[PDB]
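So that you can map any letter, position 39 of the sequence shown is 81 in our numbering, and since no number is skipped, the others follow by simple counting. Cβ atoms here follow ideal geometry from the backbone N, Cα and C, with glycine treated the same way. Written out below as structure tokens is the structure these notes cover.
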Amino acid sequence: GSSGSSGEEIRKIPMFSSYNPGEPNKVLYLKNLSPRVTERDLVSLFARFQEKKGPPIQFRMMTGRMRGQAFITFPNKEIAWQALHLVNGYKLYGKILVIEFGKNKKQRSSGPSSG
């Protein structure tokens, strides 16, 4: 009975990579936050960016039937992403924070602009 058996949970996945962020956007979607977590935490988490070049960073906390989620709006997608990959999986209050990217919704198909 020599070594050999390996991967009880993993069905030999080509890449046992955790969740995927996808495309980098300006709006981020943070989840896995303990009922204790508050805006303050978010601020400090992405505070270094606040001062960084670019308009003040906006933070939003969700408190619906199911708490443990929040959204942060950065000056642009570039900055937003950077912060994500940086704070990707930040253990807080014994919780694995999961940062994601928003999406494009409620858009208009008009444009009076001229050239």
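Local conformation of residue i per DSSP, three classes
{"i": "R150", "result": "coil"}
{"i": "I121", "result": "helix"}
{"i": "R82", "result": "helix"}
C-alpha distance - residue i paired with residue j, whole-angstrom precision
{"i": "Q124", "j": "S44", "result": "46 Å"}
{"i": "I114", "j": "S47", "result": "44 Å"}
{"i": "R90", "j": "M108", "result": "29 Å"}
{"i": "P98", "j": "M104", "result": "20 Å"}
{"i": "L128", "j": "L87", "result": "10 Å"}
Whether residue i touches residue j by CB criterion (9 Å)
{"i": "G144", "j": "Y71", "result": "yes"}
{"i": "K119", "j": "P66", "result": "yes"}
Which listed residue (the options) has its alpha carbon closest to that of residue i
{"i": "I121", "options": "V69, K137 and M103", "result": "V69"}
{"i": "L126", "options": "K73, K54 and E51", "result": "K73"}
{"i": "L134", "options": "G64, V79 and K147", "result": "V79"}
{"i": "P117", "options": "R53, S59, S60 and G96", "result": "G96"}
{"i": "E81", "options": "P66, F101, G136 and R53", "result": "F101"}
{"i": "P77", "options": "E51, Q149 and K137", "result": "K137"}
Below-9 Å beta-carbon distance, residue i vs any chain B residue
{"i": "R90", "result": "No chain B is present in this structure, which holds just one protein chain."}
Host alpha helix (DSSP H) of residue i (start-end)
{"i": "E93", "result": "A89 to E93"}
{"i": "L75", "result": "Looking at the DSSP string, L75 is not in any alpha helix (DSSP H), and its letter there is neither H nor E."}
N-terminal and C-terminal residue of the beta strand (DSSP E) that residue i is part of
{"i": "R102", "result": "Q100 to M104"}
{"i": "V140", "result": "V140 to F143"}
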